[PDB]
Structure formats: C-alpha cells, structure tokens
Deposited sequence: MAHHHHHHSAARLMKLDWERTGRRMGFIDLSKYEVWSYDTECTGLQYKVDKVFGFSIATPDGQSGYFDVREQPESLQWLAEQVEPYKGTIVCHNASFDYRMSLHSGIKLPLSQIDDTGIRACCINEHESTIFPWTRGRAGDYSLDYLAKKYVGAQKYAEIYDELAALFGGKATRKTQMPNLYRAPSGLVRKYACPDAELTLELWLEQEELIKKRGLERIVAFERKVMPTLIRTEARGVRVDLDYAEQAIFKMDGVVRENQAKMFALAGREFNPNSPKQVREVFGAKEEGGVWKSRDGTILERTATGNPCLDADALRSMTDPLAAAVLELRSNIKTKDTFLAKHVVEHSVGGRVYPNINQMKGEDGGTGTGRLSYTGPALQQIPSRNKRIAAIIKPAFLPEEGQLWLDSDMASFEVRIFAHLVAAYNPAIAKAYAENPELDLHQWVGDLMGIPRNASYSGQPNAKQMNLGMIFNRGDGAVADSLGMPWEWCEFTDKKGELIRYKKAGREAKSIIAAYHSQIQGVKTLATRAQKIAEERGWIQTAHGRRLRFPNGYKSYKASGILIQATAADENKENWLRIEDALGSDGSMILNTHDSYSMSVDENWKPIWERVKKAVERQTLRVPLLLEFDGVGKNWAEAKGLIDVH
C-alpha cells in the first residue's frame, strides 16, 4: 500500500540474524503491564531496513535474550523505539541492557516535526489526533495494522476489539497471536522513523532533533533512578489532606449558601446562578459561558478559572485537593510505590498543562509539578514525604526569576540598556528596574494603582490593552466587533508611557508576529520550530517564544547539573524553576560546583542558580 518495503512478503519470520549489517533497526517490547520495577518483559519484536521482522516470546524461547545481548554488545548503529523511555526501562528491569546513547524515539521526533498533532484549530475535522504510533504511522506513512488481530483477541478475552482494551491481555494470549500483533508494531515504527528522516532532512530540523536526542539519556536515567519516599509519613499526610478537604468543602458550601454535590452538573449550574437570555449564558458574576455539545452552559475548569467568583476558586481548590489526597498520595505514592520509592514518568515534550508546542517537560504518577506553590500549607503537608538518597542530604535550588530573564534577553536585542543593567547588577529585578524608570511601584499597594510587575507580565503573555487595564483595576469596558475588553483612557496612557521608557518590548512582539504570519513559523536559538498555521494565534508569537526559549535552557540545566554532580550526587527532580539534588554530607563543595556549572552569561542577561536550603527531606530544605 505504497511503502518502501512489503512486509507481508518478507517479514514476520526473522530469526537470530546478524544485526550489525544495519545502520538502524526497530525495537519494541511487550510487557505484563505498565508499572516499572514491577511488570516484566515477556517478549519483544524487531524490524530491519530490508524487510525482515520477528517476534520472540522470551518465556517460551529464552535463547533469544542470549542472541539479543550478543547482537547488541558490538552494535554501533541506531536503535529505534516509539517510547524509548518505556522500552529501555522495562528491558532494564528484565535484564536486557541496551546501549542507551544509541536509542532513538519516534514520538520525540514527531514532536519536533509538528507540535500540533492534537491542537484543535477552528478548521479541524474529527477527533483530536495525538502522538500514538497508530496515528502517526497512518498520517505520515499511510499504513495501519489489520483489524483481524484485535477481533481474534476480543474473541479470546472479551472486551472491545481495540488496542486500548486488549493490551492488558497480551501476556495471556498464545505467542503466535502476539506475533501477529507485535511484528507490524516494529514495522510501522521503522517505517515512521524512515519517513521522519526525509521530513527532518527536507525541513532543516537537524538542530532541534539533535538537541532532544542529547537530552534523552539524562531524562531516562533520572526516570529509571526514581525518587525515595517516606511511606510512614505519607499515610499521615493522607489524614492531613482529610482535614484540608473538609475545610475546602465548608468554604465552598459557604460561598454557595447551601450544601451541594460538585459532581452534579445540575447543582453546579444552580450554585453559580447560570441563567440564559437572548441566546447567552451568564453565571452570577457576569461571566459569559460557552455551551456544551449537549447544549448546557459549560462550567468546566477552563470556565471556572475565567470567573472572578470566589466560589469558582473554591470548587477548583476542592477538586485539586481531592486529586492530591486520592490520586497523588494514596495511589501514586502509597499504593504504586516500589521498595520505598516512586518512579514517575517524565514526558520530555509535553508540559505541565498538556500542551506540546513548547519545549516543556512534565511528570506523571505522581505529578510532582502539581504540588502547589502559592499554598504553602499543602506543600508543607506533602513535601516531607520525599527523601534524599540514603546517607545524603536534600539540596534545593532555584533558577531565580527565570522566565523574566528570558524576556529581558529577547528584548535586550532591541535595547542595550537591559543588557547593561543586568551587567552591573546580575541580581537585578526587572520589575523593580522598570518601576524605577516610569516612577511607579513594583507592586500594587492600592486598587487601580499601576505597577511594573503587571505591566511586564502583560507583555510577556501578549495581552491586549483592556486585558492589561483589567489586571490593573483601571477603567475598561466590553465592546462588539465579536466581544473584547476595550481599555480606558487612563490605561492606554500608561501602556503608551511604558513603550516610551522601555524601548524594544513592542519590537519583540511585532517582529515575532510578523515572521509568524509571513514565513509561517519562528524558532528558538536552539532551533525549536514554533508553527502558526494560517497565522492562527500569531499575536501570541513572542510570548510562546519565551516559554520555548526558557524550556530550552531548562533542558540545558539538567544536562549541566547531571554532569556537575557526577559521583558526588544525583538530581532528584525539577519542578517549575526549582532543582532538587541528593548530595553528600559535605555539601558546600558539591553545591559550588553545580552553581558555577549552571550559572552562565551566554545569553544577553545572566542565568543565576540561587541556593534554597538543605535538609533531611524536601520540606526541610525549603524551610517549611
């Protein structure tokens, strides 16, 4: 069906062939489940660039691990998996040592090539699209697994005849069936990797593709190491969250005037006062609600966040703390822990919000980035559950004012004063440095008082003049066009005065949006391509550049820390702009090496790593 190889003629029967005769080959594991350090590999499959492919049940045929180890020890070429982290770790636990610097990831390559596989544009047709192998193979090589195996599986086990339903069953099926399932997987993976070479070659993505490949071993190593936990405390924390939830509930019933079930869509419509008029749905705080497909007024999380109603923040707070007690604590740290540690997965390309279009990484199971930062009470309940390595101390540090320095550096191209200001005072606070020039304060003391922080943050998130006015408490009002926030007379004066005292901020926004509209994309200095199909949301161009450049330099941090610790320690984790490390008891020499290895002046403004504290666990290092 228009493919390089014809796998049905040549494949599915490969044996202990010689793999050194290839520059690339495919690899795919089948495991008893998904839990690292618990489930084990039960078989695997490999495809070769000359039409061969094979599957081996390691239980029935243990001669194939010996051949594998033999093939892999001299092998100098590229190994391809779709999920390099999963395949390499499940193998490692099962005693299959692959050379990690030689593994490649079809899904990370897919993100470098188009970050919007799941983005819903105003013109899309169907369901989302994603980074699964089935979907990327269909879209890029036009290939697809035959549905006959899923039917055979369902006839054996029961459920829907789908990959999602039948994967948990594969180690229970006869190996000739898993051979029909697993061989095309390695075939489609190698054909995907082959077609990505062309697209990466034709589109000049060699730099960002190489960068993420350089990053990958440092995250799989970290992923495989895990974080040590204190489970005896963790059970105590679930009793503390109990009280925190009971309070969240009381505060929420108070704001509604009654008790109710936040899980009943009807009662949540009642407490927020959702009324319809002339085709429009409003909630009691005046917010205009969109409709659900079912025609109901939509009160999802995106809508709650857009309200000023305190009841919205209360609902979201209660949902969040329930998820922290039940999913974060009970399930991921207490239940699924293994020998006193937890092993979350690190998504190298998907950020904390599920967005793919920025270099951001993010944890799952437990989601360590989802411990709050503006509620020190919750962090103080959770963070004592996380421990350094046995014998070591917990060192916490912070990239100070990270995303603002990235901003300063991009606009520093069009303003040498910003570069010189940070040169004299490397610890300069950009907000205070702008307030000190406009004659306005860094922060608000009174409502309606203009401040530098809110100004600076409205340039960072490309924000219209009314959005800026609103964040300041300055007069504004709604207007048709269809609906938008029109800035008042007093707000357009400070925004204009802002762009006169701070030259270059407007040039950042405009050149970024322009190039996004002409050429179709812009790029970080590491070469991450940020794409704006049909100029969609192109006015956001400069802000997204900041998130991406700051995510580039964050992956640059892991590389530099992991190297600087060496044998003296290990990076525990990274949340937001913070970096935790397990270090030896003589910690000051180790810390000063990490600090000089990370702190750099290779951008237009310095990057600083500021010490945060040391302790016997995560909370104590932070001072809680």
**Prompt:** What portions of the deposited sequence, indexed from 1, have no corresponding C-alpha atom in the structure?
**Reply:** 1-11, 493-499, 643-646
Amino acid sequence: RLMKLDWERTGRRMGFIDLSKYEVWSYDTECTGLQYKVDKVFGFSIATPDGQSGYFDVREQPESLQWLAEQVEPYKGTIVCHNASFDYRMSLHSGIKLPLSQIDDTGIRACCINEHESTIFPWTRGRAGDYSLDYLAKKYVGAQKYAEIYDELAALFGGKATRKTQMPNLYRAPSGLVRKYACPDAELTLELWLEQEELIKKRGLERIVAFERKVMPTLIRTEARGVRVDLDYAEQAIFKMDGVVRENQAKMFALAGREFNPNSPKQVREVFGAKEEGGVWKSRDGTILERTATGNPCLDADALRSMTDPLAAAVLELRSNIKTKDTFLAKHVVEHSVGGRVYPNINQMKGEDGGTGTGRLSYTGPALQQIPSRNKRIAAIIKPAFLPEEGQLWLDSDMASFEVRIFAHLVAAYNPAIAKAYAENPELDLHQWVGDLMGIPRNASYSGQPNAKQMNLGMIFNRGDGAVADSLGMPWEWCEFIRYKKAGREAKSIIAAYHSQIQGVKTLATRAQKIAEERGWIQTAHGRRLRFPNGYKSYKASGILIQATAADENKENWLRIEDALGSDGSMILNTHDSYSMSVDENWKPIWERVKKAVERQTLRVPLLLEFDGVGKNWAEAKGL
From here on, numbers count along this sequence of modelled residues.
**Comparing 603-611 with 5-13, the one whose average Cα B-factor in the PDB entry is higher** = 5-13
**Complete:** Per the PDB entry, mean CA B-factor is higher for 300-308 or 121-129, namely for 121-129
**Item:** Criterion, highest CA B-factor; candidates, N425, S283, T524, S101
**Value:** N425
**Asked** Say you rank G107, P344, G257, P450 by Cα B-factor from the PDB entry; which sits at the top?
**Response** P450
**Asked** For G278, does the deposited CA B-factor place it in the lowest, middle or highest third of the chain?
**Response** lowest
**Request:** Grab the CA temperature factor for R225 from the record and place it in the lowest, middle or highest third of its chain.
**Result:** lowest
**Asked** Mind checking which third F56 falls in for C-alpha B-factor across the chain?
**Response** middle
**Request:** Grab the CA temperature factor for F239 from the record and place it in the lowest, middle or highest third of its chain.
**Result:** middle
**Complete:** Assert third(CA B-factor, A597) within chain per record equals lowest
